[PDB]
Amino acid sequence: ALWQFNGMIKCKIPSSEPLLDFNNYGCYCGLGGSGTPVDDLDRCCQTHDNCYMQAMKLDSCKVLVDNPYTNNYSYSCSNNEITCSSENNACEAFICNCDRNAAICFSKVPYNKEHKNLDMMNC
Ligand SMILES: [Ca+2]
Ligand SMILES: [Ca+2]
């Protein structure tokens with residue numbers, strides 16, 4: 001679930017404010033997204049967006065009910081390291097890995113504040 005993805009990002013980047021820092025950034029960081037990613041962070045979000053789309057089409061995920069935004073799963077934060085629990089069902093495990101991969105990706109790319117609030121004409 002979204003609030004859990006927030007926790008994952010905090011796990012990897014303690015000094016960050018997820019819902020603020022990684023929203024309205026580039027062409028993909030935020031609700032929706034299309035076009036050409038402006039930098040590596042934007043590419044992280046593009047990959048995450050595609051991952052969420054796959055989850056919604058996944059056979060193991062029930063129609064709304066198991067959507068990526070509100071479907072809670074089990075995960076752990078150990079020394080700034082994320083772990084998806086083997087207690088998760090197939091649907092939850094897929095979503096948890098979508099988030100885990102993105103959290104890690106965010107932590108390995110530079111943050112360029114000049115890419116915030118870009119108009120669609122730049123995508
Ligand atoms: Ca997006
Ligand atoms: Ca669940």
# chains A, B, ... in the order shown; residues from 1 in each chain; ligands from 1

call {"tool": "residues_around", "arguments": {"residues": "residue A:6", "least_positions_apart": "6", "cutoff": "12 Å", "atoms": "only C-alpha atoms", "output": "PyMOL selection string"}}
result
chain A and resi 12-14+16-23+69+77+96+99-100+102-103+106

call {"tool": "write_last_selection", "arguments": {"atoms": "C-alpha atoms", "output": "PDB file, in the first residue's frame"}}
result
ATOM      1  CA  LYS A  12      16.490   3.810   2.415  1.00  0.00           C
ATOM      2  CA  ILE A  13      16.523   7.611   2.618  1.00  0.00           C
ATOM      3  CA  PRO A  14      15.856   8.723   6.246  1.00  0.00           C
ATOM      4  CA  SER A  16      13.545  12.310   2.811  1.00  0.00           C
ATOM      5  CA  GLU A  17       9.872  13.317   2.842  1.00  0.00           C
ATOM      6  CA  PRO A  18       8.448  10.772   0.318  1.00  0.00           C
ATOM      7  CA  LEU A  19       4.993  12.168  -0.489  1.00  0.00           C
ATOM      8  CA  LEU A  20       6.566  15.588  -0.956  1.00  0.00           C
ATOM      9  CA  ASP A  21       9.995  14.975  -2.490  1.00  0.00           C
ATOM     10  CA  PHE A  22       8.993  12.241  -4.944  1.00  0.00           C
ATOM     11  CA  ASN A  23       5.719  13.741  -6.147  1.00  0.00           C
ATOM     12  CA  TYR A  69      -2.387   1.756  -3.636  1.00  0.00           C
ATOM     13  CA  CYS A  77      13.292  -2.386   7.442  1.00  0.00           C
ATOM     14  CA  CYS A  96       5.926  -5.376  -2.250  1.00  0.00           C
ATOM     15  CA  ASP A  99       7.910  -0.852  -4.015  1.00  0.00           C
ATOM     16  CA  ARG A 100      11.165  -2.377  -2.816  1.00  0.00           C
ATOM     17  CA  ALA A 102      11.670   1.601  -6.471  1.00  0.00           C
ATOM     18  CA  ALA A 103      12.832   2.472  -2.938  1.00  0.00           C
ATOM     19  CA  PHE A 106      15.437   6.149  -5.562  1.00  0.00           C
TER      20      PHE A 106
END

call {"tool": "residues_around", "arguments": {"residues": "residue A:25", "least_positions_apart": "2", "cutoff": "7 Å", "atoms": "only C-alpha atoms", "output": "MDAnalysis selection string"}}
result
chainID A and resid 22:23 27:30 115:117

call {"tool": "residues_around", "arguments": {"residues": "residue A:92", "least_positions_apart": "2", "cutoff": "9 Å", "atoms": "only C-alpha atoms", "output": "PDB file with N, CA and C atoms, in the first residue's frame"}}
result
ATOM      1  N   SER A  60      -3.297 -13.148  -9.798  1.00  0.00           N
ATOM      2  CA  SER A  60      -3.387 -13.361  -8.358  1.00  0.00           C
ATOM      3  C   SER A  60      -3.964 -12.168  -7.592  1.00  0.00           C
ATOM      4  N   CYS A  61      -4.132 -11.035  -8.267  1.00  0.00           N
ATOM      5  CA  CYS A  61      -4.690  -9.848  -7.624  1.00  0.00           C
ATOM      6  C   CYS A  61      -6.160  -9.707  -7.978  1.00  0.00           C
ATOM      7  N   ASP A  66      -7.468  -5.509  -4.557  1.00  0.00           N
ATOM      8  CA  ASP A  66      -6.046  -5.726  -4.358  1.00  0.00           C
ATOM      9  C   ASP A  66      -5.165  -4.758  -5.117  1.00  0.00           C
ATOM     10  N   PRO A  68      -2.602  -1.845  -6.011  1.00  0.00           N
ATOM     11  CA  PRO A  68      -1.329  -1.457  -5.387  1.00  0.00           C
ATOM     12  C   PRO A  68      -1.355  -0.305  -4.381  1.00  0.00           C
ATOM     13  N   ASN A  71      -3.523  -2.015  -1.049  1.00  0.00           N
ATOM     14  CA  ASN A  71      -3.289  -3.395  -0.633  1.00  0.00           C
ATOM     15  C   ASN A  71      -2.085  -3.479   0.302  1.00  0.00           C
ATOM     16  N   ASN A  72      -2.340  -3.690   1.592  1.00  0.00           N
ATOM     17  CA  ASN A  72      -1.257  -3.789   2.572  1.00  0.00           C
ATOM     18  C   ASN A  72      -0.536  -5.132   2.489  1.00  0.00           C
ATOM     19  N   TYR A  73       0.786  -5.096   2.601  1.00  0.00           N
ATOM     20  CA  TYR A  73       1.592  -6.312   2.580  1.00  0.00           C
ATOM     21  C   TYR A  73       2.530  -6.254   3.777  1.00  0.00           C
ATOM     22  N   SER A  74       3.331  -7.299   3.959  1.00  0.00           N
ATOM     23  CA  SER A  74       4.277  -7.344   5.065  1.00  0.00           C
ATOM     24  C   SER A  74       5.702  -7.118   4.565  1.00  0.00           C
ATOM     25  N   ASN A  88       3.567 -12.982   2.768  1.00  0.00           N
ATOM     26  CA  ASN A  88       2.713 -12.346   1.765  1.00  0.00           C
ATOM     27  C   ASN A  88       2.169 -13.346   0.752  1.00  0.00           C
ATOM     28  N   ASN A  89       0.973 -13.083   0.232  1.00  0.00           N
ATOM     29  CA  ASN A  89       0.420 -13.964  -0.787  1.00  0.00           C
ATOM     30  C   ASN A  89       1.027 -13.506  -2.117  1.00  0.00           C
ATOM     31  N   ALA A  90       0.745 -14.232  -3.194  1.00  0.00           N
ATOM     32  CA  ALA A  90       1.307 -13.912  -4.502  1.00  0.00           C
ATOM     33  C   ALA A  90       1.104 -12.463  -4.941  1.00  0.00           C
ATOM     34  N   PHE A  94       4.181  -9.475  -5.075  1.00  0.00           N
ATOM     35  CA  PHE A  94       4.506  -8.776  -6.312  1.00  0.00           C
ATOM     36  C   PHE A  94       4.529  -7.268  -6.069  1.00  0.00           C
ATOM     37  N   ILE A  95       3.499  -6.765  -5.397  1.00  0.00           N
ATOM     38  CA  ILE A  95       3.399  -5.342  -5.095  1.00  0.00           C
ATOM     39  C   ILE A  95       4.551  -4.895  -4.192  1.00  0.00           C
ATOM     40  N   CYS A  96       4.844  -5.694  -3.173  1.00  0.00           N
ATOM     41  CA  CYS A  96       5.926  -5.376  -2.250  1.00  0.00           C
ATOM     42  C   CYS A  96       7.255  -5.243  -3.006  1.00  0.00           C
ATOM     43  N   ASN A  97       7.483  -6.104  -3.993  1.00  0.00           N
ATOM     44  CA  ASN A  97       8.727  -6.012  -4.748  1.00  0.00           C
ATOM     45  C   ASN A  97       8.753  -4.806  -5.678  1.00  0.00           C
TER      46      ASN A  97
END

call {"tool": "atom_distance", "arguments": {"atom1": "atom CA of residue A:31", "atom2": "atom CA of residue A:84"}}
result
24.0 Å

call {"tool": "select_by_dssp", "arguments": {"residues": "chain A", "states": "alpha helix (DSSP H)", "output": "number ranges by chain"}}
result
A: 2-12, 18-21, 40-57, 90-107

call {"tool": "atom_distance", "arguments": {"atom1": "atom CA of residue A:39", "atom2": "atom CA of residue A:119"}}
result
15.2 Å

call {"tool": "residues_around", "arguments": {"residues": "residue A:41", "least_positions_apart": "2", "cutoff": "8 Å", "atoms": "only C-alpha atoms", "output": "mmCIF file with C-alpha atoms, in the first residue's frame"}}
result
data_model
loop_
_atom_site.group_PDB
_atom_site.id
_atom_site.type_symbol
_atom_site.label_atom_id
_atom_site.label_comp_id
_atom_site.auth_asym_id
_atom_site.auth_seq_id
_atom_site.Cartn_x
_atom_site.Cartn_y
_atom_site.Cartn_z
ATOM 1 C CA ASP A 39 16.705 11.738 -15.502
ATOM 2 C CA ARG A 43 13.299 6.440 -14.800
ATOM 3 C CA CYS A 44 12.866 4.827 -11.369
ATOM 4 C CA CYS A 45 9.283 6.076 -11.331
ATOM 5 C CA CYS A 105 16.303 2.780 -7.142
ATOM 6 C CA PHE A 106 15.437 6.149 -5.562
ATOM 7 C CA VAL A 109 20.154 8.178 -8.165
ATOM 8 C CA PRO A 110 20.722 11.936 -7.832
ATOM 9 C CA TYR A 111 17.859 14.282 -6.965
#

call {"tool": "closest_residue", "arguments": {"among": "A:80, A:8, A:2, A:15", "to": "ligand 2", "atoms": "only C-alpha atoms and all ligand atoms"}}
result
A:2

call {"tool": "closest_residue", "arguments": {"among": "A:9, A:3, A:48, A:37", "to": "ligand 1", "atoms": "only C-alpha atoms and all ligand atoms"}}
result
A:48

call {"tool": "atom_distance", "arguments": {"atom1": "atom CA of residue A:54", "atom2": "atom CA of residue A:33"}}
result
15.3 Å

call {"tool": "closest_residue", "arguments": {"among": "A:76, A:4, A:50, A:36", "to": "ligand 1", "atoms": "only C-alpha atoms and all ligand atoms"}}
result
A:50

call {"tool": "decode", "arguments": {"residues": "stretch 24-89 of chain A", "atoms": "C-alpha atoms", "output": "tab-separated table (two decimals), in the first residue's frame"}}
result
chain	number	residue	atom	x	y	z
A	24	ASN	CA	5.37	16.15	-9.08
A	25	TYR	CA	8.90	15.34	-10.24
A	26	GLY	CA	9.87	14.85	-13.88
A	27	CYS	CA	7.47	13.10	-16.24
A	28	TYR	CA	6.70	10.03	-14.12
A	29	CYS	CA	7.07	10.75	-10.39
A	30	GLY	CA	3.48	11.31	-9.36
A	31	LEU	CA	0.03	10.11	-10.33
A	32	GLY	CA	0.17	9.10	-13.97
A	33	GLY	CA	3.04	9.78	-16.35
A	34	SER	CA	4.19	9.35	-19.93
A	35	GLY	CA	6.83	10.47	-22.40
A	36	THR	CA	10.60	10.49	-21.96
A	37	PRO	CA	12.02	10.34	-18.40
A	38	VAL	CA	14.10	13.46	-17.69
A	39	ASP	CA	16.71	11.74	-15.50
A	40	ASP	CA	17.48	8.52	-13.62
A	41	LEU	CA	15.08	9.22	-10.74
A	42	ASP	CA	12.31	9.78	-13.28
A	43	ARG	CA	13.30	6.44	-14.80
A	44	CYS	CA	12.87	4.83	-11.37
A	45	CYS	CA	9.28	6.08	-11.33
A	46	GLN	CA	8.62	5.00	-14.90
A	47	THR	CA	9.70	1.47	-13.96
A	48	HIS	CA	7.56	1.63	-10.82
A	49	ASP	CA	4.56	2.87	-12.83
A	50	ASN	CA	4.92	-0.08	-15.22
A	51	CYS	CA	5.28	-2.42	-12.26
A	52	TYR	CA	1.99	-1.20	-10.75
A	53	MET	CA	0.28	-1.67	-14.11
A	54	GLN	CA	1.44	-5.29	-14.21
A	55	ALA	CA	0.13	-5.81	-10.67
A	56	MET	CA	-3.33	-4.61	-11.67
A	57	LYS	CA	-3.35	-7.14	-14.50
A	58	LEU	CA	-1.87	-9.93	-12.35
A	59	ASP	CA	-4.16	-12.96	-12.06
A	60	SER	CA	-3.39	-13.36	-8.36
A	61	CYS	CA	-4.69	-9.85	-7.62
A	62	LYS	CA	-8.46	-9.48	-7.19
A	63	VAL	CA	-10.07	-6.62	-9.26
A	64	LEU	CA	-10.02	-3.31	-7.01
A	65	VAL	CA	-9.67	-4.75	-3.87
A	66	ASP	CA	-6.05	-5.73	-4.36
A	67	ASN	CA	-4.92	-2.61	-6.19
A	68	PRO	CA	-1.33	-1.46	-5.39
A	69	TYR	CA	-2.39	1.76	-3.64
A	70	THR	CA	-4.41	0.25	-0.79
A	71	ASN	CA	-3.29	-3.40	-0.63
A	72	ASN	CA	-1.26	-3.79	2.57
A	73	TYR	CA	1.59	-6.31	2.58
A	74	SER	CA	4.28	-7.34	5.06
A	75	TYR	CA	7.82	-5.98	4.88
A	76	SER	CA	10.69	-5.16	7.20
A	77	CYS	CA	13.29	-2.39	7.44
A	78	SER	CA	16.62	-3.74	8.71
A	79	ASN	CA	19.62	-1.38	8.86
A	80	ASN	CA	18.31	0.62	5.90
A	81	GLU	CA	17.64	-2.66	4.11
A	82	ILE	CA	14.17	-3.70	2.93
A	83	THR	CA	12.73	-7.21	3.09
A	84	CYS	CA	9.47	-8.49	1.62
A	85	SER	CA	7.94	-11.10	3.92
A	86	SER	CA	7.40	-14.71	2.84
A	87	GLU	CA	4.10	-14.34	4.70
A	88	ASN	CA	2.71	-12.35	1.77
A	89	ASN	CA	0.42	-13.96	-0.79
